[PDB]
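Chemist: Below you will find the structure I want to go over with you.
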Amino acid sequence: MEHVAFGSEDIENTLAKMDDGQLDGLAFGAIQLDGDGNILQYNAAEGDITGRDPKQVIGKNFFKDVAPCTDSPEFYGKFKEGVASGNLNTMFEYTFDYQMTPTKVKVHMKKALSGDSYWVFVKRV
Ligand SMILES: *C(=O)/C=C/c1ccc(O)cc1
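Converting from the sequence shown to our numbering requires adding 1137 to each position, the first position being numbered 1.
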């Protein structure tokens, strides 16, 4: 397991340019989205929480396709505001309930260092 904690202050530096294998070593779920919400990376810990197959979701749109319960002001709306400002950094709890047992989580969405890239980190609460 990579020795990185959820919520750490420089998480975007520690995870910068991590390949898929390295991302699979985190204690928490990690998704990388483009500015439209298309899925670029999705780790094993996230697939274990949500049931999704980390290989199959790459290229799908998170808000339109995979996670319609996040297509709301409280998740997608916050994401797109942070994308626009270039300073996305928000941590909030949320419930995931599309075609799954409702699962309450803490979400941390933060701009990635790579261009047109945004992290969504997830752990259970
Ligand atoms: C609501 O539809 C949430 C769905 C969901 C959240 C996070 C994921 O990694 C996958 C699906």
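Note that CB positions come from ideal geometry on N, CA and C, so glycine has one too.
Between which two residues does the beta strand (DSSP E) containing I1168 stretch?
Modeler: Element bounds for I1168: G1166 to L1170.
Chemist: Report yes if the CB atom of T1232 is closer than 8 Å to the CB atom of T1240, and no otherwise.
Modeler: Their beta carbons are under 8 Å apart, which means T1232 touches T1240 by this criterion.
Chemist: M1138 to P1191, Cα distance in whole Å?
Modeler: For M1138 and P1191, the distance between alpha carbons rounds to 18 Å.
Chemist: Should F1216 and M1246 be called a contact, given that it needs their Cβ atoms to be closer than 8 Å?
Modeler: Their beta carbons are under 8 Å apart, which means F1216 touches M1246 by this criterion.
Chemist: Please go through the same chain and pick out, in chain order, the residues whose beta-carbon is closer than 7 Å to the beta-carbon of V1259, but skip the five residues on each side of it.
Modeler: For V1259, where only same-chain residues beyond five positions count, the Cβ hits under 7 Å are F1165, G1166, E1183, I1186, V1242 and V1244.
Chemist: Apart from the five residues just before and just after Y1213, which ones in its own chain have a Cβ nearer than 8 Å to its Cβ?
Modeler: Taken in chain order, the residues that qualify are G1174, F1200 and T1207.
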